[PDB]
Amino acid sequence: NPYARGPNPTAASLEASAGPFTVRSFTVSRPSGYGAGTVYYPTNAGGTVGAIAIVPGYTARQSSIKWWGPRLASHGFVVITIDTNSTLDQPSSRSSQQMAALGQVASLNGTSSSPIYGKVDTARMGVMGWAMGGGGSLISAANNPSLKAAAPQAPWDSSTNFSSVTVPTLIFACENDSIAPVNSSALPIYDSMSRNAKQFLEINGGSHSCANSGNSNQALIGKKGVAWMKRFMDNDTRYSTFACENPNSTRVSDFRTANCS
């Protein structure tokens, strides 16, 4: 596997706050089609790595999703967290901006002054996001089936029919979400997907912000997010158990998965 990076994973190493690689970051000088961006990247991966673009929810900014940046980059990914052109943008707009940020990461991979010059395999990308940004991530996956993974959190869209999604998709959900209730959003969305590897992970007692920066389940959520991206963006079957398993954890009130190998 030309995409495998880093040491063989363990539960402990995936539950830790940081993976094996050293992380640095920079601010995007001139955002190409979105509001603002921070790029997180590993300084010492042994090869090119995939890129992941992450979008907040309605009214929210990079701080709500920031924690994914170092958590994912330290395991071997270039991660861009964005602010949208407006905090009031809707999911379809969020998806356009998410993909524009991926495009600019790819541009910077070819830009000799960039710290990520030659660090990105631009053919291997993923999408994540909170709430309307999670709906935007699903729209992004629907419109761009060459994306290798999606892992939205507490998603919402005006439609729950994402039968168009063929991208391996992990849905983080929050049991007590009153903004995007699981029964009208995350779960109908999950059930709609028929052609992909997919997973549903609902955090026991979680509010709408249960997968945001500062959540109290970073060990489990971080392990699952990293394992999903490693398994499907890197084709890295060393992560197949971590990606596909029921964690059989008390922090999970609802677990579902299908077509996972």
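Note that residue numbering begins at 1 and tracks the sequence as displayed.
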Quick note on 109-117 and 147-155: per-entry mean CA temperature factor is higher in 109-117
Tell me which of 87-95 and 159-167 has the higher mean C-alpha B-factor in the deposited entry. 159-167
Residue selected from 216, 213, 62, 48 by maximal Cα B factor: 216
Going by the CA temperature factor in the PDB record, which third of the chain does residue 79 belong to: lowest, middle or highest? lowest
Quick one: classify residue 16 as lowest, middle or highest third of the chain based on its Cα B-factor. highest
Residue 37, C-alpha B-factor rank within chain (lowest, middle or highest third): highest
Residue 223 - Cα temperature factor, lowest/middle/highest third of chain: lowest
Among the chain's modelled residues, which third holds the C-alpha B-factor of residue 209? highest
